[PDB]
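We begin with a single chain expressed as C-alpha cells, specifically the form deposited in one PDB entry.
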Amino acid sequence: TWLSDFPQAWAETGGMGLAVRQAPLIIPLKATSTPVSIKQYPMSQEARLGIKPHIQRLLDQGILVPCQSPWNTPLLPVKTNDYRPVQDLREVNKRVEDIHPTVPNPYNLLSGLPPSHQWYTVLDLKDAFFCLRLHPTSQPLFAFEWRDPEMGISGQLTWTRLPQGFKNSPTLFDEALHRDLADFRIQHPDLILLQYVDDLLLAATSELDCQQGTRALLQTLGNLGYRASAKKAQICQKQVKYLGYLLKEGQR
C-alpha cells in the first residue's frame, strides 16, 4: 500500500515532523512594541483536567518548554464536550510587524488548475505549523501560564514551534513549504501542484503520471520532515474534495 511504501511520509507512521531545511523562524516586532503580560484567568478544574494531557503531550514532544518571559497571554479552555487549549494571542499579534498576505484565496488558487489535468491527489499536512521551528529569540513572545494547583505546579510555558493563534503562521508556513517544494516543481514540469497552507492538490494528465507524481511528492514531503494525514488522503482519484470544492472532470 501507499502507507507502507512511504512510512516516513505519513503522520501515522513517520513520527513527528520537523522541517529540517527551514531555519528557525525569527518574528520581528513593530518599532514601538513593548512586551505585554496579561494575567491568566482562573481555570475551572474541569477545563484544567481537560487540557492537561494535551499540555503534557506537547512538553513530552518538546513543542512546549518551560520558560520565564515578560510576555504572557491567556490560555483558554475550548470544547463535542472535549476541552482543548486555545491561546489568546491577540495582544501579541497587534505588536508583531505585519507581513504581506501571500496565501491566494482558494478561488484564485483553483483558477490555476487546467482541465488538461484531471487525475487528482489531495493531501493535508498534520500539525503543519508545529513542523517549523521557532528561533529561541522569538520563543518568549508566546509564553502563557501553566498552573496545576493539585501538583504544586506554577510557571510559564512557551512554544519552540510556530504556534496556532499567531496571525502570521498561515502565511509563514505557506511560504516555507513553497521554498521546500520549489525543486519538486522543477523536477516535475508536467504536474500541477496547488498549495493552500497545509492543503495540497497534485493534478496529473494521466493516472500513471498521478501515481508516479504522488509517490515522488510523498517521498519528498517525508524527507523534508513534513507529515501527511493517511486517514484523510485522497490518492489518484478522478474526483476529490479540495478546499470545500468537489473537483471532477475538470469542473469546479
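For clarity, a rigid core is taken as the largest C-alpha set superposing within 1.5 Å between two forms. Don't overthink the numbering: it's just position in the shown sequence, from 1.
Engineer: If you look at the other compared entries where the surrounding residues are built, does residue 158 lack coordinates in a third or more?
Structural biologist: Modelled in all the others, so no.
Engineer: Quick one: across the other PDB entries of this protein we compared, is residue 80 left without coordinates in at least a third of them?
Structural biologist: Counting only entries that model residues on both sides, residue 80 is unresolved in at least a third of them.
Engineer: What number of deposited residues lacks coordinates in the span between residue 79 and residue 80: none, 1 to 3, 4 to 9, or 10 or more?
Structural biologist: In the deposited sequence, 1 to 3 residues between these two have no coordinates.
Engineer: Compare the mean C-alpha B-factor of 96 to 104 with that of 151 to 159 as given in the PDB entry, and name the stretch with the higher value.
Structural biologist: Between 151 to 159 and 96 to 104, it is 151 to 159 that shows the higher mean C-alpha B-factor.
Engineer: Quick check: 16 to 24 versus 239 to 247, which has the larger average CA B-factor in the record?
Structural biologist: That would be 239 to 247.
Engineer: By the entry's C-alpha temperature factors, tell me which of 66, 70, 42, 222 sits highest.
Structural biologist: Comparing C-alpha B-factors across 66, 70, 42, 222, the top value belongs to 42.
Engineer: So if I compare the CA B-factors in the entry for 214, 195, 206, 33, which one is the largest?
Structural biologist: Highest C-alpha B-factor among the listed residues goes to 206.
Engineer: Test of reading the entry: by CA B factor among the chain's modelled residues, which third contains residue 119?
Structural biologist: Its C-alpha B-factor, which the entry lists for residue 119, ranks in the highest third among residues of this chain.
Engineer: Please rank the C-alpha B-factors of the chain's modelled residues and tell me whether residue 190 sits in the lowest, middle or highest third.
Structural biologist: For residue 190, the deposited C-alpha B-factor lands in the highest third.
Engineer: Based on the entry's values, in what third of the chain does the Cα temperature factor of residue 83 lie: lowest, middle or highest?
Structural biologist: Highest third, going by the recorded CA B-factors of the chain.
Engineer: Can you tell me whether residue 113 has a C-alpha B-factor in the lowest, middle or highest third compared with the other modelled residues of the same chain?
Structural biologist: Residue 113: CA B-factor falls in the highest third of its chain.
Engineer: For residue 29, does the deposited CA B-factor place it in the lowest, middle or highest third of the chain?
Structural biologist: CA B-factor rank for residue 29: lowest third.
FYI, the form deposited in another entry isn't displayed, but the following is about it.
Engineer: To test your reading of the superposition: with the rigid core aligned, which of 44, 187, 219, 206 moves its Cα by 2 angstroms or more between this form and the one not shown?
Structural biologist: Spelled out, the residue whose C-alpha shifts by 2 Å or more is 44.
Engineer: Determine, after fitting the two forms on their core, whether residue 148 shows a C-alpha shift of 2 Å or more between this form and the one not shown.
Structural biologist: It does, since the residue 148 C-alpha is displaced 2 Å or more between this form and the one not shown after the core fit.
Engineer: Superpose on the rigid core, then tell me if the C-alpha of residue 137 is displaced by 2 angstroms or more between this form and the one not shown.
Structural biologist: No, the C-alpha position differs by under 2 Å between this form and the one not shown.
Engineer: After superposing the rigid core, is the C-alpha displacement of residue 103 2 Å or more between this form and the one not shown?
Structural biologist: The answer is yes, as the C-alpha of residue 103 shifts between this form and the one not shown by 2 Å or more after core alignment.
Engineer: Quick one: in that other deposited form, is the Cα gap between residue 88 and residue 103 smaller or bigger than here? Answer closer or farther; it shifts by 3 Å or more.
Structural biologist: Relative to the displayed form, residue 88 and residue 103 move farther apart in that other deposited form - a change of at least 3 Å between their C-alphas.
Engineer: Comparing against this form, do residue 103 and residue 243 have their CA atoms pulled together or pushed apart in that other deposited form? The difference is 3 Å or more.
Structural biologist: Farther: residue 103 and residue 243 separate by 3 Å or more in that other deposited form.
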